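The structure appears right after this line, and notes come after that.
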Amino acid sequence: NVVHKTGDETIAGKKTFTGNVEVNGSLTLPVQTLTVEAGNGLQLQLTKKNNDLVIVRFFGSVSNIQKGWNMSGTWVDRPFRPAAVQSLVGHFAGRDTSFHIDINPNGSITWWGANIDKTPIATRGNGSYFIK
Amino acid sequence: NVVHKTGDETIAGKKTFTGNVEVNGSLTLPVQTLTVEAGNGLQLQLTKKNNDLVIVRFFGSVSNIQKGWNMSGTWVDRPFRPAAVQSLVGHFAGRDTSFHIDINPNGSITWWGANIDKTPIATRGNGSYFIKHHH
Amino acid sequence: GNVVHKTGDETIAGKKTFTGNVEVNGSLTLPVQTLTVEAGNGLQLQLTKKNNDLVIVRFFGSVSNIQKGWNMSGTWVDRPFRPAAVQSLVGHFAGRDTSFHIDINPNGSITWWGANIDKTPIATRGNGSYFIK
């Protein structure tokens, strides 16, 4: 039940390192992913590592929404919801223009681009937030 | 004075794992937060993990600033300053338009949106940088 | 003695799988690599990759003579920095209200997804993050 300086080993218990720790190989942490059909044609692909850092990738295209409106689709599942509202910037493919969405702590998503009419505009980009 | 394969333990010393490490529970690293009234109505909420990765959340509303001007507010505290100038993109709420700011290693912030006249414009978004961006 | 101690600087081989919770009060240092890319059309990327997974890209340079959906006509991203899946990274034009994005593709090519840019260079800046895995 001792940890050695060689060999593959499994280690249980809470280990608190008070100093500097270096890893020269790979550090593997939990990863979870989620796809959200957020509404109005917007899709989010979320990847969460260490139950904290989330990178959101925008897909789809948005139409028929105004600033301040919540997207009319599926809310972000509980394990991806941030503790505070997170504003994620995205870009309209092939344009000079951008938008942001807010992912609210309840999982709802609020649109904060300009109003978009019936003509969809492709939405892309990566945004990052911390859950805690 | 020995680390075991069970139990809660505290481990002092620089420990270098030359191979692979996996953590199946939570990995807790240092976290520090700071709110900065940057100037010109712009507010930054910074969260720094592992004295390295920072996510900056923009709040407030900017007015009366020209491109390339330092913002006329509070400088970023030393622990949050990057080693190289970092450009963080933000978005004006309810608009098609965006800006960026440069967070300078000295703690200052430079505005790099368009010139903004006296009417404030709400500023939002998350941007991330490494303090230790270099190998 | 081949055991890890609760004191002292020590180097430790073997894959160590911590099935529980781990806390680091000092700094955790993971592998870091950097790359500068003249991506084409004046666009420059400075990339930092940590743990062979998280990448922050920093845009520099000034872009000209590029159309939407065209691949940029410069150096492709070196293999170690390529994402598994296409990653769209938003950038900002310095001193302007306008923005762009590029797609960093799995082969290291980069596709321009701003508006078309004619002969006059516009300065490009900003950070974007992605996971390789």
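Cβ atoms come from the backbone with ideal geometry, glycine included; neighbour counts cover every protein chain shown. Read-outs throughout are calculated quantities, based only on the coordinates presented, and are distinct from any laboratory measurement.
Can you name every residue in the range B:28-40 that is more than 10 Å from chain C (Cβ to nearest Cβ) and assigned to a strand (DSSP E or B)? Don't jump to the end; show me each part of the working.
Taking the range B:28-40 first, the residues more than 10 Å from chain C (Cβ to nearest Cβ) are B:31-40.
Correct list: B:31, B:32, B:33, B:34, B:35, B:36, B:37, B:38, B:39.
For the range B:41-51, which residues satisfy the criterion of being in contact with a strand residue (DSSP E or B) (Cβ under 6 Å, 6 or more places away or on another chain), outside any strand (DSSP E or B) and within 30 Å of residue C:18 (Cα to Cα)? Break it down into steps so the answer makes sense when it comes.
Going residue by residue through the range B:41-51, those that are in contact with a strand residue (DSSP E or B) (Cβ under 6 Å, 6 or more places away or on another chain) are B:41-50.
Now drop any that are not outside any strand (DSSP E or B), which leaves B:41, B:50.
Selection gives B:50 alone.
Any chance the range C:13-25 includes a residue that's under 30 Å from residue A:17 (Cβ atoms) and in contact (Cβ under 8 Å) with a residue 24 or more places away in the chain? Explain how you work it out, then say what you get.
Applying the first criterion (under 30 Å from residue A:17 (Cβ atoms)) to the range C:13-25 yields C:13-25.
Checking which are in contact (Cβ under 8 Å) with a residue 24 or more places away in the chain leaves us with none.
There is no residue in the range C:13-25 that is under 30 Å from residue A:17 (Cβ atoms) and in contact (Cβ under 8 Å) with a residue 24 or more places away in the chain.
In the range A:99-132, which residue that is over 18 Å from the mean Cα position of the chain (by Cα) and polar (S, T, N, Q) is surrounded by the most Cβ atoms within 10 Å (Cβ to Cβ)?
Among residues in the range A:99-132 that are over 18 Å from the mean Cα position of the chain (by Cα) and polar (S, T, N, Q), the one surrounded by the most Cβ atoms within 10 Å (Cβ to Cβ) is A:115.
Restricting to the range B:1-40, name every residue that is surrounded by 16 or more Cβ atoms within 10 Å (Cβ to Cβ) and β-branched (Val, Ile, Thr).
Result: B:3, B:11, B:16, B:21, B:23, B:28, B:36.
Name the residues in the range A:1-53 that are of a type in the set (S, T, N, Q) and touching a helix residue (DSSP H, G or I) at 6+ places or on another chain (Cβ under 9 Å), would you? Let's see the steps before the verdict.
Residues of the range A:1-53 of a type in the set (S, T, N, Q): A:1, A:6, A:10, A:16, A:18, A:20, A:24, A:26, A:28, A:32-33, A:35, A:40, A:43, A:45, A:47, A:50-51.
A:32, A:51 - these are the residues of the range A:1-53 that are of a type in the set (S, T, N, Q) and touching a helix residue (DSSP H, G or I) at 6+ places or on another chain (Cβ under 9 Å).
Does any residue of the range C:71-87 turn out to be touching a residue at least 40 places away in the same chain (Cβ under 8 Å), more than 7 Å from every other protein chain (Cβ to nearest Cβ), of a type in the set (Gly, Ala, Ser) and in a loop (DSSP other than H, G, I, E, B)? Walk me through it before giving the result.
First, pick out the residues of the range C:71-87 that are touching a residue at least 40 places away in the same chain (Cβ under 8 Å): C:71-72, C:77-78, C:80-84, C:87.
Narrowing the set further to residues that are more than 7 Å from every other protein chain (Cβ to nearest Cβ) leaves C:71-72, C:77-78, C:80-84.
Next, only the ones that are of a type in the set (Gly, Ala, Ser) stay: C:84.
Retained after the next criterion (residues that are in a loop (DSSP other than H, G, I, E, B)): C:84.
Within the range C:71-87, one or more residues are touching a residue at least 40 places away in the same chain (Cβ under 8 Å), more than 7 Å from every other protein chain (Cβ to nearest Cβ), of a type in the set (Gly, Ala, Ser) and in a loop (DSSP other than H, G, I, E, B).
Please count how many residues of the range A:88-116 are part of a loop (DSSP other than H, G, I, E, B), more than 8 Å from chain B (Cβ to nearest Cβ) and polar (S, T, N, Q).
The number of residues fulfilling the criteria is 4.
What's the number of the only condition in (1) in a strand (DSSP E or B); (2) touching a residue at least 40 places away in the same chain (Cβ under 8 Å); (3) more than 8 Å from chain B (Cβ to nearest Cβ) that residue A:128 fails to meet?
Single failed check for residue A:128: (3).
Report every pair of residues separated by at least 6 positions or lying on different chains whose Cβ atoms are under 6 Å apart, first residue within the range C:41-57 and within 8 Å of another protein chain (Cβ to nearest Cβ) and crowded, with 21+ Cβ neighbours inside 10 Å, second of a type in the set (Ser, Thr, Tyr) and assigned to a strand (DSSP E or B).
C:48/C:34; C:56/C:48; C:56/C:129
Hey, residue A:61 hits all of (1) under 30 Å from residue B:46 (Cα atoms); (2) in a strand (DSSP E or B) but one; which does it fall short on?
Of (1) under 30 Å from residue B:46 (Cα atoms); (2) in a strand (DSSP E or B), only one is false for residue A:61: (1).
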